[PDB]
Each structure stands twice: as C-alpha cells, then as structure tokens.
Amino acid sequence: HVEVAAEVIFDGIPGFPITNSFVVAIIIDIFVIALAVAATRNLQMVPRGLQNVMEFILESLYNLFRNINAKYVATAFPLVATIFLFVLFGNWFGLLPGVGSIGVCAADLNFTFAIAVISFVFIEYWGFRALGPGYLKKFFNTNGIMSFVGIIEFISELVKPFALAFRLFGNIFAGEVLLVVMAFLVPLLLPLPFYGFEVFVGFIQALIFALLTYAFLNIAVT
Amino acid sequence: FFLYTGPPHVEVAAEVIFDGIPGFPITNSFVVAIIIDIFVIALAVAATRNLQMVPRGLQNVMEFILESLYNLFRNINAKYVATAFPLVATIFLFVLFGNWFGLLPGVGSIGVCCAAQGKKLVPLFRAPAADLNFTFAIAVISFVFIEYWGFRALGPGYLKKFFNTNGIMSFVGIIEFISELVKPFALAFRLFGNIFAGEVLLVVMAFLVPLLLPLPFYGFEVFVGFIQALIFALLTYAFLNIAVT
Amino acid sequence: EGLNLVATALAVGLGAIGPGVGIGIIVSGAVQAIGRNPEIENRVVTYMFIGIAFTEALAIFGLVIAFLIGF
Amino acid sequence: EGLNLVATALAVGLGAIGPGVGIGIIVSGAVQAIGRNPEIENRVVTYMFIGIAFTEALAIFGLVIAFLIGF
Amino acid sequence: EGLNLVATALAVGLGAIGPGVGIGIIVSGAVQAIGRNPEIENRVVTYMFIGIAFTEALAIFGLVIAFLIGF
Amino acid sequence: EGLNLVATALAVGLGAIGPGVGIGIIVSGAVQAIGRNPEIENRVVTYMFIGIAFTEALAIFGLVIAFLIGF
Amino acid sequence: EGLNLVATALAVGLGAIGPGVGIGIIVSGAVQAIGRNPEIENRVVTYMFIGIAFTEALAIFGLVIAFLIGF
Amino acid sequence: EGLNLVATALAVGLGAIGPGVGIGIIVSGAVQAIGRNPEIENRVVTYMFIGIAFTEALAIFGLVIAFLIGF
Amino acid sequence: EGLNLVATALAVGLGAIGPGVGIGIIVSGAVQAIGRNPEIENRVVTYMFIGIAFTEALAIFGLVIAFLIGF
Amino acid sequence: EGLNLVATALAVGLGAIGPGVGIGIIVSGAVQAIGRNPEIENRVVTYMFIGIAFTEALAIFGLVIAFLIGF
Amino acid sequence: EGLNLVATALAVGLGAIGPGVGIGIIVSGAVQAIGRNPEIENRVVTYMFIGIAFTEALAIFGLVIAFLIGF
Amino acid sequence: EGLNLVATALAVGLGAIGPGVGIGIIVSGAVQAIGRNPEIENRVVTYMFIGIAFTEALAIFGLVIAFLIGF
Amino acid sequence: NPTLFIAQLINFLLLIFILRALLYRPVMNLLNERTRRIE
Amino acid sequence: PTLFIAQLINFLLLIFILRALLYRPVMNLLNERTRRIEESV
Amino acid sequence: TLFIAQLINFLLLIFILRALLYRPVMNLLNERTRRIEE
Amino acid sequence: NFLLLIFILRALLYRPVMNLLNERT
C-alpha cells in the first residue's frame, strides 16, 4: 500500500514540530561531525581510512577544481566543499537508514532552492568580480545583433541554479518514492539493486551538483 | 492535359471470382494464374524453339535471364544451387507475370459483364498476384521446402539451430523459429500487400485525372513488381542458406 | 463528422514522413559514394533508384489508403 | 462510426514511418560499402536485401492491419 | 465542431515535416563530397536536384489534400 | 466500440517502428563492416543474424499483442 | 469554439519541426565542408542559400496555412 | 469504456520502440568493432550481451504492464 | 474551455525540439570544422550566427503565435 | 473508467523509449572506442556504467509513476 | 476542468523532451574536436556555451509558459 | 475525473526521449574522444559532466511538474 | 477460401513441375552444355 | 466502362515512353549476347 | 508491518554491498594510503 | 543550519588541508 507524501515546508516560516527535513539534516550533520572527530584527534602522519576521507575526496576535489578552473577554485574552494560532504550525506541518511519512513513510531523544496540562491550569490558577488561589467558583456551591446539572446542566456543563468535545485529536490525525492513503491509491492528492495542504484544515483547527483556549481563559476569567469 | 471527362467513379475489392464453379469452384484469380502459366509455358516453348544453340532469336533473352538468376543463386550459396534452382526460378517470371498484365487495357475492368447494372459482372481478372490464396500457398510451399532442406542437410542442426543454439541459459530457441514462422507469413503478406496496392492505385489515383497520373504510377508499380519478384526469389534462397548456415 | 477527414490527414502526413526522411539518407549516401569512388555511379544510379523506389512505394501505400478513406 | 478509419490511418502511418529511415540507411550503407570496394559488392548486395525485406514485412503488417480492420 | 480545421492543420504539418529533415542530409553529403573534390562538379548538382524534387511531391499532397478539405 | 480497432492499430504501429529502424541500423553497420573486412563474413553475419532475431522478437511481440487484441 | 486555435497550433508546430532539424543539418554540413578547404566558398554559400530557401518554403507554407485559418 | 485495450496496445508498442533501434545501434557498434578487432569477442560480445541485457528487459517491463491489463 | 491552453501547449512544445536540436547540430559541425582547421574560424563566425538565426526564426514562429493565442 | 491504466501505459512507454535508446547509444559509443583500441577498456566500461546508471535513473523515473497511478 | 493540466503537462513534456540530445550532439562534437586538436580551447568552449544557451532558451520558454498557464 | 491522472503521465513520460538520447550521445562522444586521446581524460570528463548538469534538468523539468500537477 | 487456397497450391505445384519438366530445365541442360564447351 | 478506355490509353502511352528508352537497352543486351556468341567462335 | 520488510531489505542490501566491495574498495583505500609510500 | 555545518566542515578541512600541505612538503 503506497503511503508516500511530499514533505514540502517553508524555510522562511519557523520550523515545524516534526521538521523531517531539519531532523534529517541534523542527523547528517551529527554523522559528519562524528566522522570528523574520529579522524581529527586520531590522526597520524600517514593515517589509513581516517585521512583517506581528506585525501581521496577533499584533495581530489581540489585537484579536479584546479584542473577545471585553477586559482578561481581557491577563491570558491569552500563553495563546492560545502556542496560536497552534504546532500549526499543527507541522501545516505535518507536512504532508509533504519526506519526509512516505515514504522518510525535534499528533497525539501525550500532547502534546495535556498542552496540555489546561495549558488546565485557566487555569481552575485564573486561572479564577474574580476570585470564588474562582465554581466553586461555580449548582452544587447553594439554587437547585440549577434548577442540578442545574451540577456536570455543570463536569464538561463538565472534559471540554471534553480533548475539545479530541481535536480537536488528531484531524484532524491524520486528515490524515496521508488523505495516506498518497492515496499508496497515486490518487497525486500527489488530484483535490481534498488537500494544500491539509489545510493549510486544520489552520490552521482551530489557530485554532478558540485561540478555544475564549479562549471557555472567557470562560465561566469568567461 | 485537361481531363474534361472520363472520371466516372472508383471501386475496388479484396479479390474477384470467376465462372466454372459448378464443375469446380473457380475464382477470377485462378483464371489469371492459368493465363500466366500458359504464357510462361509458351515463352519456354518459344525459348526452346530448335534448341540448336541458336543465338539471339529472343530465346537468348530468356537464356540470359536464367543465367543471371543462376549466377545470383550461386553467389548466394552453392550447397543447393542446383536442386533448388528450378524451385527458385519457379517464382521468377511467374510473380513477375502476376505483376505483368496489371497494366493491360481494362485490367481492372476485364470481365465486367457495364456500369448500368453490374449485377453478376464479377471481373474475370483478379490478377493472380493480387490474391491472398496464391501468395499464401507460395509462401507455405517455400517454408516447407526450406524446412525440408534444413532437416535433410542438417536436421539435427536444424533442431540444434534453436534448441541446441544455446541450451545453457537463453538460446536462439523459440526466437529464430518464431521469426522464421513469421517470415513465411511475412512472405505471404508481402505479395498480398503488393499488386493489390498497385491495382488500387490504378483504380483510385487514375480515378481523378486519368492522364500522366497513371503513367509514372504504373511505371513505379512495374518496377516495384519486378523488384518484389526478384526479392522473393532471392529471399527464399537466403532463408535456405541461413538454415544451412 | 470530419473524423474521417482527420484520418485522411493523419494517414497522408504520417505516411509522407517515412519515405520523406528515408530518401534523404538514400541520396546522401549515394552522393557520398560519388565523392568516394564514383566508379560505382552506374551501380549507385540503379541502387539509389531502387532504394528510393521502395520509399515511394510506401508513400503511395499511404496516399492510396488516404484516398480510400476519402473515398 | 469512422474511428475504424482513424485506426487504419494511424496503423499505415506508423507502418510507413517504421521502415522509412530504416531502408534509407540500409541502401546508404550498402552504397557506402560498394564505394569502399567494388569487388565484394555482390556479396553485400545479396545481404542487404534481407534487411530490406524484414522492414518491408513490418510495413506490410502495418498495411494489412488496416485492410483487416476495414473488412 | 471544426474537425475539418484540425484535419487541414495536421495534414499540412505532417506533410511539411519530412522534406526539411531530408534536404539537410541530402545537400550535406553532396557539399562535403564537392569539398573533397570539385571533380563531380555539375554532375553532383544533377544527382542532387532531382532527389530533392522527390520529397517536394510528397509536400504537394500535404497542401493539396488540405486544399480539398479547405475548398 | 472502435477502441478495439484503434487498439490494434496503435499496437501494431508502435510495435513495428522501432524494429524497422533497428533492422536499418543493424544491416547498415554490418554492411560497412563487411565492406571494410569481409574475412569475418559469416562469423559476424551470425552476430548480425542474432541481432536481427533480437529485434524481430520485439516486432513479433507487438504483432502477437495486436493479434490477441483483434481476437 | 477553440478547435481552430489548437489547429493553428498543431499546424505551426508540425511545420516547424521539419525545417528546424533540416536547417541544422544544412549548416552543419556546409560549415564542415567549408572547413575542409577554401576556394569553394561561393559555391557552398550558394548551395547553403538553396537549402535555406527550400526549408523556408515549407516553413512559410506551414505559416500561411495557420495565418489563413486565423481568418 | 474499453480503454484497457488501447492502453496495453500503446504500452507494448511504445515500449518496444526504444529497445528496437537500441539493439540496432549496439550491434552496429559491435559489428564495426568485430570488423576491426574480432578476437575481443570474449569481452566485446559480453559487452554486447551485457548491453543487450538492459535493453529488452526494459521493454520486458512494458510487456508485464500488458499482463497487468489481464489482472 | 481550456482548448486555447492546449493550443498554447502545442505551439510551444511542437516546433521547439526541431530548431532546438538544429542549433546543436549547427554548432557541433562548426566545432569539428574549427578543430580540424582553425584558420577558417572567422568564416565560421559568419556561418554560425546566421544559421542559428534562421533556425531561431522558425522557433520564434511557434512562440509569438502562442502569444497571439494567449491574446 | 480505464483512463488510469491509459496513464500508466503512456507513462511507461514514454519512460522506456528514452532510456531504451539511451543505453544503446551508451554501449555503442563504448564499443566503437573499444574496437578502436582495447586498452582503455577499464575507463570505457566505468563511464559506460555511469551512462547506464543515468539511463536507468531515467527508466525508474518513468517507471515508478506507473505504480503510483495504481495507488 | 483538468484540460488545463493536460495542456501544461504536454507543453512541459514537449518543452523538455530532447534539449539534452541537441546539446547531446554539442558536447560530442566539442569533445571530438578537442581530441582531434587539444591545442584549441576556450574559443570552442565559448561557442559551446553559446550553443547551450541558445538551445536551453526554448526549454526555458516552455517552462515559463507552463507556469503562466498553471497559475 | 482521471484526466489529471493522465496529465501526470503526460508530464512524467514526456521529456525523457530527448534527454535519454542525449545521455547516450554525451558519453558516446566522450568515450570516443578519450579513446582517440587519453591525455585529455580529465577535461572530457568535466566536459562530460557539464552536459549532465543540463540534460538531466530537462528530465527533472518533466519530473517536478509531474508532481506539481500531481498535488 | 481454404479450398481455393489448396487449389491454388496444387496449381502452383503443377506449374512448377511443368516448368521443371522443360522451362529452365531445357535451358539448364543447354546452359551446362555451353559451360562445358567453354572449357 | 470508360475507365477501361482511359487505362488502355494510359497503357499505350506508357508503353511507347518505355519503349523509347528500352530500344537502346534491348539493343545493348542483344549486342552483349552476340558478342558472347562471337567470343565462343 | 512494512517496517520489518524495509529493515530486511536494508540489511540485505548492506550485506550484499559489503560482500561485493570488500575487495575493491579496501584495495583502493590501501593503494591511496600507500600512495604516499616513502 | 547549513551555514553552521559549513563553517564546522570548513574548519575541519582547513585542519585537513594543513595536514595535507605538511605531508606534501
């Protein structure tokens, strides 16, 4: 029996007494804090596993950003870093980590669009910072006959983060709906690795969101 | 140029029957098939003529056509290029004959008693090719011959073709056999759809402006009929070779 | 009503799409062969002709059935 | 009621769009291979006709479905 | 309720859909070949033009039938 | 109601289109490969044959559903 | 009633589907060929104009059909 | 209200549309690869068979929907 | 009723995929053209924006008409 | 009513046509590269798996709605 | 009346039904030209982004029209 | 009625074929480039993942409406 | 129908036998004689 | 019927048009056959 | 009683993932750790 | 809530960034 529901709330309004999105975010933050504590105090010169999180992820992400947009990466290092180590962590917490919305007794609409607004801030402030009038370049200029949609492209840039927020709200919510459907019919996950496919899709989506933020920054650069 | 008159009406049907039913039910399609067979036999007799290595004399044309068909079959395969040569050539110049006579004067009007009454004026034409019974019979005969050849050449391998294809896990079993069974139905339906569609175009497209509209249409229809006869003749041999392969 | 007219329209158009796109790739491959060993020009002429001939066969199928619905 | 006519029209339209680009790329690849080499051109010509015939059979199925609906 | 209107519209659109996607590939192949060698020259122009005219005939139906519905 | 007839039409049509272009791509790729290297011939032709069988499986799946709806 | 409105919409959409991908292929092939070698620019530009004219012919047919339906 | 028949018909047909040309393109790439590298058949045909395995299964799911009409 | 909104839907949806992907085909061919030879880039600068214009000229046809539908 | 089952059928058909050809293009692009050089096979298979996962996500997107309508 | 919902869904379904395939060709041409010549960069990237922006504008228009008619 | 339910199907199902073929083509070109040149292995992956960042949104553009229309 | 189909099949088989009796069959022997003389 | 007369006229015109070009092809085929016969010697 | 089924599914998925990635994930982690070497 | 977790992760990474930089030298 399908019992799925939408957990849409208002970020501007105060938190609800249940606050499912806030509860999951707090759980993900607690898990990340525990992981960081297990690798900060118990850290060695060549730690295995404890320093592997910093090396194979944080250092790898920094190297990838430098290969994509070096120097600019240093300016927006935390911007993608905060995008990373989160959402995915929430997806893992949201990938039926125990109750899995069953016998309890990123999908959040506003949370995603708030992150999109934060990404817009990357273009609002750091964006074209090196030019200032860079937002007005190739937009209804003297060559505007060849750049008439250049403003529309900025409008696309105005919709690129929100659509990314849609990617954050979507897929994550879809995965939960698929899990609920598998619970309602054909129990014990599915013939395909439904839990594994959902986890892989969530990780790939978080990585794609980070790469999309980096690529939006690079496109804003030139 | 102008087509002031001549566009009386349009009327088509699945097929036409003929007389002789009392002694033995005979359809206009059987009459057309008998006429085509008689024409083929007369052509063979004339092509044979003296048979003393006479160059040209029209015969050389039939000899060249037969040689081209034999060369195409030999290029296709050689295991049954001799025994199945007459079987393949049976379709040739007969399906072409069915495509032929479709452009004859009043082909869709032959055997009409008469637009005044049309009481029992069943067209004594029903081009053999524009008949489902002939096409179904020919495709059934072709499927039987291909199956017999596959079983006699490599019948254990003919069953091993699908059942022994891949016994472990899935096999071509039940799939290739289903496709081959559909192909006989497909072969029957291809000729059924052909000829009838052409005749339908001649009846309908020439019903409006019967001037230069039916000429290129008939030419395309003649080319399509020749191509369809050649395609069926080649496809029978190709299916036989695939069964052998 | 005009639902039969709608049927005629759908038949003629969706029968025109098939050969309509097919002949493009046909003659494009033909002219590509012309730019690549036009020695087969005699072959391509015949081969492109039969290839397009099957297309207008399908197209005329669509047109005659559209006329029959209009009949 | 006329919806049978719409059924026939849709059936033949789909049966036309089905093999159109199919046979188009069929003969395009055939003439491309012929341009590559005119020696094995006979063998590839023998092979391409069965691919033509399968698509033709599909189109014929689509066409005769309309005729069966009509009668 | 105006079924002839939507019939005309669908006929025109689904008759005009084909030739556009045809002619693109049609002339792309020929222009690429002539860029490879201007040897074919006018010969390729002839190979091109007639082929395009073919799809034009189909487009004719997409108007004419609609015109019969339109008048 | 005519829904049965339009059901059969949609079935056979939508099930006869994908396999058609599938056959086209199959035999097109096969003919370029054979023209480039006919040493493999039957060795890859058999793989071409099993691909033909795989797509004809979907074609006959559509056809048998159309037949079942028709009866 | 509203049938004419959706009629014009279908007409313009189905008249814009074709020439769009058409001109896309036109320009892609033309730019690739001109990137192959210069000194054939004027001729490839003339062929480009031929292609754009042949696509916009069907485009404006689809346009004027809906325009006349608007009255 | 016999919408079940048209539903299962559209489901099977427009679910088999995809894997058809999907199987076409997988075996086209595979036949080109075999024409280049035959001896990779232990791996490459596996990548064929793996790639095939995902295709029809998806269409197979659509077929299950057909039997859901029987439920 | 809402059939006017259906008209807006057909106007904006249909006629957007066509030019929308024509733009992509146009730009991609220019990309490999300039990659193979960057000395013709300036010509490509002329060739891109005009073609991108013409295909867009089709897309806006589906757009403003929809606004005329919106009134 | 049966319109719910029609919704399920259309949803599964349109959500299978996309990934159904998507996975085919995934594996085709992989296999041409494999045939060119079977040395980067590990990376090619990894990126092919990534594309397969994305297409499977599309299929799940189009598939879960079928059971959702059943709810 | 839910006909407005049907129109909104059809528009958005057509508004976002391929803009990733058009760009799909864009990215493929871009990476192929990069592989052909790794020296060229930014210039192709700028054209790349221009093509992306011009392609996604149609999808943006579809989404905004769906929003306008949905509220 | 269930017209909203089938509208949900229109929303979710459509906007998948375009992005699906896009998902195919993007990695097809990417792996072709990486096979031709492995040294660009980083950049192409980035130039891969940017395409994702657009095309999947299109599918999400279909998905989110399918929920907005659903509730 | 089925009786007509059976009659058509019998007629086709008889036509094939009559052809295989002489039509093409005489050309066959003649074609083989020509091929042998080609040696 | 007049349809038969129209079909006869169209068939005659098509036969004449086809023969106008088949005169060359039939002659070419006959010439090839005669050349083969001469090569037999 | 769907909670029991969900827990069983999660446990089975976790066990299968561990069995599948005991070799590759641990090997990659060990390679990354030994990457410093020296 | 996002900003606080972001700052905590930034401090944790800056410590890991310092450790990685020391290891690199």
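Definitions and limits used
- Residues numbered from 1 in each chain as written, not as in the entry; some residues may be left out.
- Chains lettered and ligands numbered in written order.
- Heavy atoms only, no water.
- Residues with missing side-chain atoms left out of burial classes, pairs and counts.
- Helix = DSSP H or I, 4+ residues; strand = E, 2+ residues; numbered from the N terminus.
- Axes fitted to C-alpha atoms, helices over the stretch in contact; angles between N-to-C directions.
- Parallel < 35°, antiparallel > 145°, perpendicular 65-115°, else oblique.
- Contact = heavy atoms within 4.5 Å.
- Nonpolar A, V, L, I, M, F, W, Y, C, P; charged D, E, K, R; others polar.
- Salt bridge = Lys/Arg side-chain N within 4 Å of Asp/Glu carboxyl O.

## Concerning the overall build of chain N
Here's step 1: Helix and strand counts for chain N come out as one helix and zero strands.
Here's step 2: Each principal axis of the C-alpha atoms in chain N carries an extent, and together these give about 55 × 15 × 5 Å.

## Points about the packing of helix α1 (residues 3-36) of chain G against helix α3 (residues 41-70) of chain I
Here's step 1: It is the contact of α1(G) with α3(I), at a shortest axis distance of 10 Å, that shows an interaxial angle of 175°. When the axis of α1(G) is compared with that of α3(I), the two are roughly antiparallel. On the side of α1(G), the interface is formed by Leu5(G), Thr8(G), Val12(G), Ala16(G), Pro19(G), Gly20(G), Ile23(G), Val27(G), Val31(G) and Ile34(G), while α3(I) contributes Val44(I), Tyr47(I), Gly51(I), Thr55(I), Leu58(I), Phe61(I), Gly62(I), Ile65(I) and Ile69(I).
Here's step 2: Tallied by class, the residues present in the contact of α1(G) with α3(I) amount to 14 nonpolar, five polar and no charged.

## A look at the interface of chain D and chain C
Here's step 1: On the side of chain C, 34 residues touch chain D, which itself brings 38 residues to the contact.
Here's step 2: Listed by contribution, the elements that provide at least two residues to the side of chain D that touches chain C are α1 (3-36) and α2 (41-70) of chain D.
Here's step 3: Tallying contributions element by element places α1(D) first for the side of chain D that touches chain C, with 25 residues.
Here's step 4: Of the residues that constitute the side of chain D that touches chain C, the class distribution is 24 nonpolar, ten polar and four charged.

## Thoughts on the pattern of salt bridges
Where charged atoms from two side chains of opposite charge come close, those side chains can pair.
Here's step 1: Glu41(D) is the salt-bridge partner of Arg43(C), the closest N and O atoms lying 2.7 Å from each other. With one member in each of two chains, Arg43(C) in helix α2 (residues 41-70) and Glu41(D) in helix α2 form a pair that bridges those chains.

## Observations regarding the arrangement of the chains
Here's step 1: Spatially, chain F is disjoint from chain I: no contact exists, and the shortest C-alpha separation is 20 Å.
Here's step 2: Kept free of each other, chain D and chain J leave a smallest C-alpha distance of 15 Å between them.

## Considerations on the interface of chain K and chain I
Here's step 1: Chain K puts 30 residues into the contact, and the matching count from chain I is 34 residues.
Here's step 2: At the level of elements, α1 (3-15), α2 (19-36) and α3 (43-69) of chain K are the ones that each hand at least two residues to the side of chain K that touches chain I.
Here's step 3: Per element, the largest residue contribution to the side of chain K that touches chain I is eleven residues, and it comes from α3(K).
Here's step 4: Class assignment for the residues of the side of chain K that touches chain I results in 19 nonpolar, nine polar and two charged.

## Some words on unusual backbone geometry
Residues and elements named next belong to chain B.
Here's step 1: At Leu3, a position not held by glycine, the phi torsion is positive, near 55°.
Here's step 2: Inspection of the secondary structure puts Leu3 in the segment before α1 (28-48).
Here's step 3: Even without a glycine there, the phi angle at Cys113 is positive, about 55°.
Here's step 4: Among the secondary structure elements, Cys113 is positioned in the loop between α4 (95-99) and α5 (132-160).

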